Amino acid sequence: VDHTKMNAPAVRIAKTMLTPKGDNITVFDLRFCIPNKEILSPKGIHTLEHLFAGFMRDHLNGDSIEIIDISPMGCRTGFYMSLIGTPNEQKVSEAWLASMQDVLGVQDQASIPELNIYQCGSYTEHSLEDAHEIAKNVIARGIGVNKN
């Protein structure tokens, strides 16, 4: 898709596909930054990821939506979020804008549960600071929409 055309921060129905039986799997482009104009930090995006899916599962992931997974994009310009169900751009965003407020509520590293050799893949690649700025940005800038 034309990354020059799209804007950020903005939800976007990334792809839609059905299950063999009946259930629905929707996949969202949770694009934080403006394609090639800005970029997420390998540490920020990482400490963030932890918190994001812990919180998006709180505001979103209710009873008629199911979260499979939320993980950062290689291009570190936002996360991809596959889920069981099919919310719309409003519903996700509202869930995203909330979460960021949830992230802010974490003053230090010992609050991030995983963050250790025994449970986090790469213990020293965490920046709660960078991951808070992002929240601030997003929360500040507002989460619009990007339709295909």
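The numbering used is simple: start at 1 and walk along the sequence shown.
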Got a sec? Mean C-alpha B-factor, which is higher, 88-96 or 58-66?
58-66
Of 41-49 and 117-125, which one has the bigger average CA B-factor?
117-125
Candidate residues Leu30, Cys33, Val27, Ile112, the one whose C-alpha B factor the record puts highest:
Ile112
Pull the Cα B-factor of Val106 out of the PDB entry and bin it into the chain's lowest, middle or highest third.
highest
Chain thirds by Cα B factor, record data; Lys15 belongs to the lowest
